[PDB]
Structures are given as structure tokens and as C-alpha cells.
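[1] dropping in the first section of the assembly, placed as in the complex:
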Amino acid sequence: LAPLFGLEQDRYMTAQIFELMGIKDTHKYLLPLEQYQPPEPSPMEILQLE
Amino acid sequence: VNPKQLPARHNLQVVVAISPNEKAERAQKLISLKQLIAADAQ
């Protein structure tokens, strides 16, 4: 079921849990998915592919 | 702080009778959540 349980579903689950316990989730490191740019790959996998 | 910028009571629930130690309680919850978010990399 992981292929369907992507990132946004996990984020919504964690956000619901927080709302149940701690409301303001944006106050800190966790970022709204709308402005989450993808990670920048590192040179390690690049040189390994090379 | 603009007064017009604030919401209305329709979307503001209120709570009373808060224990002093509740802060610490929250802290515990937080660190618990921390562990959780540490286990999931997505």
C-alpha cells in the first residue's frame, strides 16, 4: 500500500494528529506542501551513475 | 494587530480550567511526536 501512501497522505495524517494534540503545525520546520520544492540530488549518486 | 484581521467566535473554540503542569504535558506530547516524525522519512 506504500505506492498509494505518498507524501501528502502522510503529511495530512501527521497534521490531523497534531490538530488533535498541537494545532499550529506551520510554526516550525514542517512546511505546507504547496511550497515544498523537491530535494536537490547530491553528487554521490551522480558520480556512481557515471 | 488589526482588529479586522482577527476571526469571529464562530471559528474560535474556548477552553478553561487548565492545570499548571499542562505545559510539561504538551512538551511530552511534542517529544513523542518528534520520535514519530523521526521514524517516517516521507
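    Perfect, I can see it now. Residues are numbered from 1 along each chain as shown, chains lettered A, B, ... in the order given.
[2] need the contact list for the residue most central in space within chain A.
    Closest to where the C-alpha atoms of chain A average out (C-alpha atoms, centre = their mean) is residue A:7, at 5.5 Å. Going by C-beta atoms under 8 Å, 6 or more residues apart in numbering or on different chains, residue A:7 touches A:33, B:42. (Each C-beta comes from the backbone N, C-alpha and C, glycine too.)
[3] hmm, try it at 6 Å
    If a contact means C-beta atoms under 6 Å, 6 or more residues apart in numbering or on different chains, then residue A:7 has residue B:42 as its contacts.
[4] include chain C too:
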Amino acid sequence: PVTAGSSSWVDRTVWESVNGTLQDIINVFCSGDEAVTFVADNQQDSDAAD
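    Okay, here's chain C dropped in alongside the others:
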């Protein structure tokens, strides 16, 4: 004191119950360092709760 020889020693009972209720009342509301704390239902209005 209807009469001197009666020595009508009063029984302070209302005061007793008043205090017995007031102590619990203050232990309910004024026990915490804070009075109340607003809580919202969405993240779009959580910045105003605190």
C-alpha cells in the same frame, strides 16, 4: 440572644459550606498560572489564537 440564661451559641454552618465550595472553585479556575487559552479549528486562524 432571646434570653441571657439561654447562651445561644450560634452554629456557623453556611460559612463552612461557602468556604468548602470556594476552595474547590478557586482550585478549578485560578489553580493554573494562566486563566484560559483560545483554540481554533483550522491552521488559517491559529496564528491569532496564541
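[5] once more for the contacts of residue A:7, now including chain C?
    residue B:42.
[6] with residue B:29 instead?
    So residue B:29 contacts residue A:21 (C-beta under 6 Å, 6+ apart).
[7] hmm, 8 Å instead?
    Here residue B:29 is in contact with A:21-22 (criterion: C-beta under 8 Å, 6+ apart).
[8] in the helix or strand harbouring it, what's buried?
    For residue B:29, the element it lies in under DSSP states H and E is helix B:22-39. Within helix B:22-39, the residues that count as buried by 16 or more other C-beta atoms under 10 Å in any protein chain shown are residue B:33.
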